[PDB]
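Here's a solo chain for you in structure tokens, the form solved without coenzyme A (COA).
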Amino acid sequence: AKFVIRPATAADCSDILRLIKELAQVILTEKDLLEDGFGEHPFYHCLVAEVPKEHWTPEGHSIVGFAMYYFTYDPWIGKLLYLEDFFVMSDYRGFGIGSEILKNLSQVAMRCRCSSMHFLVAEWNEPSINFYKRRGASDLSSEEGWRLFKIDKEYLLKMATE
């Protein structure tokens, strides 16, 4: 199908949520997406793929893919573009949407002068691993010995009132 890649706008929040859930507990609401993505200080940025009516989803939707990203920083690497999620609806793959999205993400990285694009991949997802390796990716966690940790809300609360 004919498609165009463009930045998401506040009007696209319901579609972004639809796509997140399709990519998928998702407890994020449309209201969160609007408040967090379109205020003076946005916490994420999104590129979406839009198709014309002859190709709308059965449900009658025009957005069929997205890439959610944001900028991060590492004192010993550089400014970085962090790719949080990337998803194209099954029936809309094979027409170049993903390749155009990755192309535009890369151009954005060049504009921001980012030294690298970072993202996570599950250790057992060989297909995804090889898709990214074919594009020059390296498993930083394994090569340099880095593990990802988290501290959840119940713990943060205890320390914040302590």
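Residues carry their position along the shown sequence, with the first being 1.
The same protein also has a form solved in complex with coenzyme A (COA), omitted here; what follows describes it.
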Looking at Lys103, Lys31, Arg111, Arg135, which has any heavy atom no more than 4.5 Å from coenzyme A (COA) in the bound PDB entry? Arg135
Is there a non-hydrogen atom of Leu23 within 4.5 angstroms of a non-hydrogen atom of coenzyme A (COA) in the bound PDB entry? yes
With the partner left out of view, is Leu81 within 4.5 angstroms of coenzyme A (COA) in the bound PDB entry by any non-hydrogen atom? no
Check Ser62 for me: does it contact coenzyme A (COA) in the bound PDB entry (non-hydrogen atoms, 4.5 angstroms)? no
Any chance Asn125 has a heavy atom within 4.5 Å of coenzyme A (COA) in the bound PDB entry? yes
From first to last in sequence, which residues of 88 to 109 have any non-hydrogen atom within 4.5 angstroms of coenzyme A (COA) in the bound PDB entry? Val88, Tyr92, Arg93, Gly94, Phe95, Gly96, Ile97, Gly98, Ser99
